[PDB]
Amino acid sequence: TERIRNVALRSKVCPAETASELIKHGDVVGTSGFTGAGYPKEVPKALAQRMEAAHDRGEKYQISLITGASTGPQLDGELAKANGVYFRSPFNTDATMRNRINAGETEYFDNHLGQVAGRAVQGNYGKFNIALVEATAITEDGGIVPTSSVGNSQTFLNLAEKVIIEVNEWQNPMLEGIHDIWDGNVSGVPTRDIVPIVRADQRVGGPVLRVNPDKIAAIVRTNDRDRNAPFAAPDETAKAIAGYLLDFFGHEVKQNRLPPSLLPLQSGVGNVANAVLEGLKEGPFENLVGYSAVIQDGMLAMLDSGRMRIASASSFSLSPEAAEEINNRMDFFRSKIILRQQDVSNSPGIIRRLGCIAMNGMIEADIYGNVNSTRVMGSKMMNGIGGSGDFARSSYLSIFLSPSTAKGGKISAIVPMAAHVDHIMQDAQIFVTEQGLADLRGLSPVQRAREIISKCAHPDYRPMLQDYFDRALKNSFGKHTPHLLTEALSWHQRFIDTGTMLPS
């Protein structure tokens, strides 16, 4: 049945390839798409091809690409291969785009996800020339129904001089109604409105994105899927991590420091956080509620088992099989899910009010519990800070999760000093690895070190960390946060030099 239910707009429909021609070299382009969900697919390809052709002719042809968060092969992948992006923000997971960024070929800045809208309205990315937005359907009165995410779409629509919509047969029409778009000033000119959310499951807006139909210069019909990586089935490492955390939650509850149903749950991107949710789907906490940035396979599983009643996020970010699953059971899941603008899902004011429990993965932490979420060896981008800072700093409890080692044991995820810092000590209270859990609340840096080294570090690396700390305590310039600057980053350099942090 017709997805474009507004007759007047049908006159604007055209091939993906024609739409792409609206985008000019130098253009700032805002797109839908949040962590592998709901990004535009067909127009990006056409632009990519046109870009390569122009480049061979010696014609400059690159855009600035601002999104909700990560997209997919069809967008980041295609444009990266074409060398078509001079600037990218705020979050990426595509290997080709990542390579461009790590080669200095595409400039990249990973803003806090909840701040992107406000900075765009402030003009930090320049003037938006194009909004390219994927839709489930266009309503009779011209509402744009989003797809598997909301992201920054409403903001990009407001800002852009011209709008291109992609309407996607693949997205299940029962998506219509799952979204909550608030028409208030969240990220506009101060003073901003109060967003009156006081419960994680509370709706305060409507089902559609609003745009002046006059700004719509093109509409493209599509039938393509959100392409995400599957999640790793929880192995012994992941299960141990879940085990420690569930016990921790259990002891908090027994001590009356958490309610039996805990607090609204945020769970970050990646395999480790996902694995913890798989643990929760059969855990001893009932009537859970999610207030997250993304809903991964594990969270969907919790909704499925009924251990979680409802989940708020800006997107569901699912494996191919789970995305197939939810599209086949959209009737069941649509009442369990609320998709919000990312500046609302990731609003520090709301997160703190609700008392969210934040659970996020990490590259590494140093012995003082500073956290790197992003930059391997301090210089090589993995994905980006994403919403981890939005949640870590605002949450009732901030929890970081990681195997105690990486690359088959050749890297320690607990190091003397993080090569890059995304989350300072103040923003991290709990660390969990397969070795144990460190509870850092109320502790000084030296006290944090003792907990982190003794609980979380891998036995292959523990003595070396203890050695570093003991000698730092003796020799450091100051003793408040003891360091030996000649060797603080030496494990990372050892890896670079030899392929392993383990000495020979």
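So that there is no doubt, residue numbering starts at 1 and follows the sequence shown.
- Two stretches are in play, 51-59 and 65-73, and the higher mean C-alpha B-factor belongs to 51-59.
- 293-301 and 387-395 differ in mean CA B-factor, and the higher of the two is recorded for 293-301.
- The entry assigns its greatest Cα B factor, within the set 309, 192, 221, 251, to 221.
- Which of 494, 480, 483, 24 has the largest Cα B-factor in the deposited entry comes down to 24.
- When all modelled residues of the chain are sorted by CA temperature factor, residue 139 is found within the highest third.
- Annotation for residue 120: CA B-factor lies in the lowest third of the chain's modelled residues.
- Looking at the C-alpha B-factors along this chain, the one for residue 498 belongs to the middle third.
- For residue 226, the recorded CA temperature factor ranks within the highest third of the chain's modelled residues.
- Residue 260 sits in the highest third of its chain by CA B factor, as recorded in the PDB entry.
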